[PDB]
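Undergrad: this one's sequence-less:
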Ligand SMILES: [Cu+2]
């Protein structure tokens, strides 16, 4: 249905952080991105995106909403704190076609650290 993601300087998970960092959703489902902390945004990791999905990037300190219809893995990052490891992951539907790629897509060490972490949450 609807899924709220907080964008945090600091959180229970760590520093520069999407909470929740992983989201299971289904077609039609809505992702509300929410500026709990200023200085963040949410851009698409295009080497983690189902084919047919439009690239996107949000204005800093402001809100954002993505709509999901296409199954698979949607990768997201915060543009200025990408290399600080601030990333998220949304899986829609069973056995995502872009699975291996998520695991293999080249990104900042810290981003990759947390990506694989939200990746082990896939079902
Ligand atoms: Cu950030």
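TA: Received the coordinates, thanks. Numbers count the residues shown, from 1 in each chain.
Undergrad: near the ion, which residues of this protein?
TA: By the rule CB under 5 Å from the ion, the part of the chain lying against the ion is 40, 78, 81, 86. Quick note: C-beta positions are derived from backbone N, CA and C, even for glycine.
Undergrad: What are the contacting residues of the longest strand seen in the chain?
TA: With secondary structure taken from DSSP state E, the chain has its longest strand at strand 2-10. Residues outside strand 2-10 that contact it (CB atoms under 8 Å, 6 or more residues apart in numbering): 15-20, 23, 25, 29-37, 39-42, 78, 88.
Undergrad: May I see the ChimeraX selection of the buried members of those?
TA: Buried subset of the contacts of strand 2-10, written as a ChimeraX selection, criterion 16 or more other CB atoms under 10 Å:
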select :16,17,18,19,20,23,25,29,31,33,34,35,40,41,42,78,88
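Undergrad: Sitting in strands, which of the contacts of strand 2-10 do you find?
TA: Those of the contacts of strand 2-10 lying in strands (DSSP E): 15-19, 23, 25, 30-34, 88.
Undergrad: picking that back up, please name the strands paired to the longest strand of the chain in the sheet, noting orientation.
TA: strand 15-19 (antiparallel), strand 30-34 (parallel) (DSSP bridges).
Undergrad: any idea how far it is from the chain center?
TA: 10 Å (CA atoms, centre = their mean, to the nearest Å).
Undergrad: cool, stretch 98-118 as well?
TA: On CA atoms, centre = their mean, the centre of stretch 98-118 falls 11 Å from that of its chain.
Undergrad: Okay, buried residues for the biggest helix by length in the chain please.
TA: Longest helix in the chain, counting residues (DSSP state H): helix 109-119. The neighbour-count check on helix 109-119 (16+ other CB under 10 Å) flags 110, 111, 112, 114, 115, 118, 119 as buried.
Undergrad: cool, and stretch 98-109?
TA: Neighbour count says stretch 98-109 has 98, 102, 105, 107, 108 buried, by 16+ other CB under 10 Å.
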